[PDB]
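Student: Have a look at this fold, sequence not included:
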Ligand SMILES: Cc1cc2nc3c(=O)[nH]c(=O)nc-3n(C[C@H](O)[C@H](O)[C@H](O)COP(=O)(O)OP(=O)(O)OC[C@H]3O[C@@H](n4cnc5c(N)ncnc54)[C@H](O)[C@@H]3O)c2cc1C
């Protein structure tokens, strides 16, 4: 049912870049690009919450061909133009410290992607993943906890739930539950898809709540920079109350590091009702209602 591995690294799909557009506004930190690829001429199909591989050109330091890197799909199954002809990624250029030979170091696949020109051919594999899938139940509640490019699967969910053209294209999924995105980035310019996310909340105030953790602009009650775990702590009781619903699904995506604080917050909330969160969570995971993709 769920499409997987329609293309594999040994014979990847050769897609063409359609567009490569910046998502970080001026005054933001780093580079994050929205890259749309043409799928025509191949049979790559995918659904929300899946990933694809990109095989960058060139050899590694040892002279071996570069292997694929996985990227969360950022578009619904229909693509950004709701035409079933494209796929989009949300790619941060990896950039880091002196402590790794030279000065600034640039990630191979992410630099390739963020600097790629429209018209260029790209080697695409996949799709991959069954752990971040959205329920077909239109009355499900969906909690989304994202940092940085972790927004990508959330965008696929929210566009499917809330975009006019998606609703028109998906007769069987007219979302009427409650979705809550807690999104952590360093700056307001770094709020990926800010305008569209805010448009959704304005349009669907009873079906979508948008919460930001903006680390360079907000402080947690301890005086530290605000991160998503601080927002989870702040709204722990409400989040736990929602999680108790048989139809609630939670999705976590982004760089590793926040799950521990998220667990501590939810544990304190659940303990008030004599529930051990770690146990409840194990059962949620088994039932397919606790979805984590951290990298
Ligand atoms: C399921 C999944 C989904 C993903 N989705 C996305 C996505 O949507 N968007 C996105 O941008 N990325 C995503 N990634 C990460 C992506 O796959 C790549 O790992 C990332 O883009 C960097 O790859 P690269 O080739 O540019 O860097 P590489 O050239 O492969 O370098 C990576 C290496 O650099 C070193 N390194 C990395 N960070 C540091 C640091 N801070 N300090 C010191 N050394 C460091 C580590 O040794 C690491 O092995 C996802 C990963 C997975 C597994």
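Tutor: Yep, that arrived. Numbers count the residues shown, from 1 in each chain.
Student: The residue in the stretch 151-295 of the chain that the ligand sits nearest to - how many residues pack around it?
Tutor: At 3.6 Å from the ligand, residue 295 is the closest residue in the stretch 151-295 of the chain, using C-beta to the nearest ligand atom. (C-beta placed from N, C-alpha, C; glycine too.) Residue 295 is flanked by 13 other residues according to other C-beta atoms under 10 Å.
Student: residues in contact with it?
Tutor: Going by C-beta atoms under 8 Å, 6 or more residues apart in numbering, residue 295 touches 70, 254, 255, 256.
Student: just the residues you listed that are near the ligand?
Tutor: Among these, the ones lying near the ligand by C-beta under 6 Å from any ligand atom are residue 70.
Student: Show me where the stretch 51-200 of the chain has its strands.
Tutor: 51-55, 69-72, 86-92, 95-96, 105-106, 121-128, 141-147, 179-185 (DSSP state E, counting those that start in this stretch).
Student: Count the residues that sit near the residue in the stretch 51-200 of the chain positioned nearest to the ligand.
Tutor: Nearest to the ligand, among the residues of the stretch 51-200 of the chain, is residue 107, at 2.2 Å (C-beta to the nearest ligand atom). For residue 107, the tally of surrounding residues (other C-beta under 10 Å) stands at 17.
Student: from now on call the first residue 18
Tutor: All set: I'll call the first residue 18, so the last point we hit is now residue 124.
Student: Nearest residue to it in space, ignoring adjacent ones along the chain?
Tutor: Using C-beta to C-beta, 6 or more residues apart in numbering and skipping residues adjacent in sequence, the residue nearest residue 124 is residue 111, 2.8 Å away.
Student: isn't that neighbour right next to residue 127, touching?
Tutor: Yes. Contact between residue 111 and residue 127 holds when scored by C-beta atoms under 8 Å: they sit 4.5 Å apart.
Student: If you count surrounding residues, which of those two has more?
Tutor: Higher neighbour count among residue 111 and residue 127: residue 127, with 22 against 16, using other C-beta under 10 Å.
Student: one step back: check contacts around the residue of the stretch 68-217 of the chain closest to the ligand.
Tutor: 110, 111, 112.
Student: From these, pick out the ones that also neighbour the ligand.
Tutor: residue 111.
Student: Tell me the one among the contacts of residue 124 nearest to residue 81.
Tutor: Distance to residue 81 across these (C-beta to C-beta) is lowest for residue 111, with 19.3 Å.
Student: how about the closest one, what does it touch?
Tutor: Contacts of residue 111 by C-beta under 8 Å, 6+ apart are 123, 124, 127, 128.
Student: now the first one, nearest residue through space, not along the chain?
Tutor: Okay, so that is residue 123. Take residue 123 and drop its neighbours on the chain: the residue closest to it by C-beta to C-beta, 6+ apart is residue 112, 5.8 Å away.
Student: residues contacting the one you found?
Tutor: Per C-beta under 8 Å, 6+ apart, neighbours of residue 112: 47, 48, 121, 122, 123, 124.
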